[PDB]
Amino acid sequence: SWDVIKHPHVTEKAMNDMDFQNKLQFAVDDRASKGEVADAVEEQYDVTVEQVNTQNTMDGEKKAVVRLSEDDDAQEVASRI
Amino acid sequence: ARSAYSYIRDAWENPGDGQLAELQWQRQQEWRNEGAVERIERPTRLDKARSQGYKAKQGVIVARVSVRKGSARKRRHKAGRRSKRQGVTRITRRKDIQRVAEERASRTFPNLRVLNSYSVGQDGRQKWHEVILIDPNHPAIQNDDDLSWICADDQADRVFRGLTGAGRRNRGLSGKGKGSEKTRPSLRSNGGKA
Amino acid sequence: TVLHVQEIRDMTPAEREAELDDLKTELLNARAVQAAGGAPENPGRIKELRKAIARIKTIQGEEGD
Amino acid sequence: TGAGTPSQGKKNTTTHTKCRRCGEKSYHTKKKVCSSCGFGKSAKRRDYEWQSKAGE
Amino acid sequence: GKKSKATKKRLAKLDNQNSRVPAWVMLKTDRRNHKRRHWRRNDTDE
Amino acid sequence: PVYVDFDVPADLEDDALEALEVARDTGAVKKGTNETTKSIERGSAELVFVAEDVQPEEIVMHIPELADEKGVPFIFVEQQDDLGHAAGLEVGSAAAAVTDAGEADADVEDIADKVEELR
RNA sequence: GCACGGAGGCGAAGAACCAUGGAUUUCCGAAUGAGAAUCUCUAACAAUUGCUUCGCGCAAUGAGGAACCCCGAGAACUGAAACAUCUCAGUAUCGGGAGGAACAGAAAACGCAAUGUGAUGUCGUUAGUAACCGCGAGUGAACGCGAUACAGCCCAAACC
RNA sequence: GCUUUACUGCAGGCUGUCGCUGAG
Ligand SMILES: [Cl-]
Ligand SMILES: [Cl-]
Ligand SMILES: [K+]
Ligand SMILES: [Mg+2]
Ligand SMILES: [Mg+2]
Ligand SMILES: [Mg+2]
Ligand SMILES: [Mg+2]
Ligand SMILES: [Mg+2]
Ligand SMILES: [Mg+2]
Ligand SMILES: [Mg+2]
Ligand SMILES: [Mg+2]
Ligand SMILES: [Mg+2]
Ligand SMILES: [Mg+2]
Ligand code: NA
Ligand code: NA
Ligand code: NA
Ligand code: NA
Ligand code: NA
Ligand code: NA
Ligand code: NA
Ligand code: NA
Ligand code: NA
Ligand code: NA
Ligand code: NA
């Protein structure tokens, strides 16, 4: 069975969202909905997801911009992996 | 003594006389309102059905099929043709109506296989035939020594390949001698000349 | 390699699922490091992590979990 | 108006497209029928004996 | 135009097939991309 | 219907079927059109029954005249499964024949008489 | 792996490799819950059938395959030094369908007429013979014989 | 390709007959 999260989409823009808006960006399975992305992220990193934006990239994969709650620190979550 | 069956048979030797005559005059009225293929609980001619392999048993089915009377329904040529091939009105098909009926029935019951068929009359514009079909997958038949032959894989779609009795006579295979030079073993192996 | 078939067959249905999740995670993080261009790789592992996960799922199948 | 070059300018309509069944760019999206494999018209795959020499 | 999810995936794929043979493959075989499609000089499906 | 040339009153049919039941327990009965036919042909038939709800009618059409030229008495019965049940069958029967009644010969004889009069 | 790089890894816990068997096996596809250019919308044998506990409960069909095979539909160029019947040809092509082979098959046969043969295919021959035909051009068997292989049976009905 | 009271045919239309079709 397919998994929701593939890997962290780490790029300059991705960093900016992390340092400035507390967002983590992931490469997810395009069959995955925002809700499924939200859960997976919470269950894998023990955090609370506030908002999820998606995009079906020209790389054939789906990209998700997941925003964390004030309680969580994107920089710190991303930094442990 | 005479079997009761011999009376059904005997009546159908003259479908235009006596009781059978009045019966037909009545039935066709209902038949003309039925479909092209109507499954029926009982053969209109028991003696005939049973004579052809019928049996009051699970997996044995009967269906009356209606087919139009006459020559081929043909479209006139739309390109060059020598006189010989410009015909339309007098052209008749090489498959007899009874065979057409047997095919329409089998298609209606994709899982069944045609066993045989017989005529049950006609009016001025159509002929009716009753077709006996068999369920090759029902154990009632698979365990019947007089019918399980029709269960074999090589009997699949037997009607569409002319393996039916009507199919074989129509193929000119009745005679074992003179006249069947171009029919047996098959019309095709003989270059389609019969 | 590091994880053989016997060791996998000796585990309990619950130890497999646990061992499974662990591997998946090791893998996910391996891929995350790769995505970040993290050179501290070891091509053999990220590859063995896939086979290890295959062997486990294979055994969970044979065993009935 | 010339039937040549000048009439080629109006050609921005999409008809034949990648077919879901055979993969050929022959699925007519207006007719919803593949000119290559017959998809949308026939359950059986489109094929003709004239696609090759008679004795072959 | 308006591309669907599937079309987009196909375009994405074509763009990737449009990459060059990695330098290492040249060394690994001791020595062309027979599928170099240009957006202008070439035409894609659909 | 085409073979039915006279109507048998319900009450008569009742007595008739009743007689047939005792006939099978006391004397002997023939169940089935083929077996009924041979009775009429072999003359060993005392009384024969014929259902009116037979389809196709061919199965029975002959019973009437065949009986008439054999001097065998026959009676009609609306239902088909009643005749079969009354004959002792778990199924219906298009025709039945009382091959020598029993403890009902008087009744049978009378039933026959009633029908003759019923023409 | 082809594929001879770089880094790294696996193998005596016997890897690679090979054989058999098993696991996994996305989406579209006969494609079957419904729709759709391989995606989507809210439990599905869709459709047609058989049996039927009359409930999709138990089953069947659908599509493919190099050609071969069987059943239907059926040209024209061409030849005849024109051309119409004839010929090309029951060919090309089209519709339907089976199998590993099909089809045929145990005489209402043959008819070297017999005091004779003895299911059926096929091969060799009979023979370009008999037969057809603007009796033109053309067309064209069979019985028998020598072989191959061999195998004969089941119903309906009578009487139960 | 086209034409027509060219040759030969083929659709189509009209008309008789048979079947469907029966009572006085
Ligand atoms: Cl069939
Ligand atoms: Cl001889
Ligand atoms: K010609
Ligand atoms: Mg969006
Ligand atoms: Mg053959
Ligand atoms: Mg033009
Ligand atoms: Mg690029
Ligand atoms: Mg679907
Ligand atoms: Mg010529
Ligand atoms: Mg001449
Ligand atoms: Mg010829
Ligand atoms: Mg001969
Ligand atoms: Mg027997
Ligand atoms: Na990726
Ligand atoms: Na069928
Ligand atoms: Na012929
Ligand atoms: Na272009
Ligand atoms: Na596989
Ligand atoms: Na099914
Ligand atoms: Na059902
Ligand atoms: Na010439
Ligand atoms: Na000429
Ligand atoms: Na001629
Ligand atoms: Na001789």
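All chain D residue numbers match Swiss-Prot; in order, they span 2-57.
Even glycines carry a Cβ here, placed using N, Cα and C.
The feature zinc finger is assigned by Swiss-Prot to D:20-38, with a curator's inference given as support. Among the features that Swiss-Prot reports, Zn(2+) binding site is placed at D:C20, D:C23, D:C35, D:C38.
In the three-state DSSP reading, D:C23 (Zn(2+) binding site) counts as coil. Around D:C20 (Zn(2+) binding site), the same-chain residues six or more apart in sequence whose CB sits under 8 Å from its CB are D:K26, D:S27, D:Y28, D:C35, D:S37, D:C38, D:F40, listed in sequence order. One residue stands out among the binding-site residues D:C23, D:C35, D:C38 for having the most other Cβ atoms within 10 Å of its Cβ: D:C35. The DSSP secondary structure for D:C35 (Zn(2+) binding site) is strand. Within 8 Å of the Cβ centroid of the Zn(2+) site, not counting the listed residues D:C20, D:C23, D:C35, D:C38, the chain contributes D:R21, D:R22, D:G24, D:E25, D:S27, D:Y28, D:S36, D:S37, D:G39, D:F40, D:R47.
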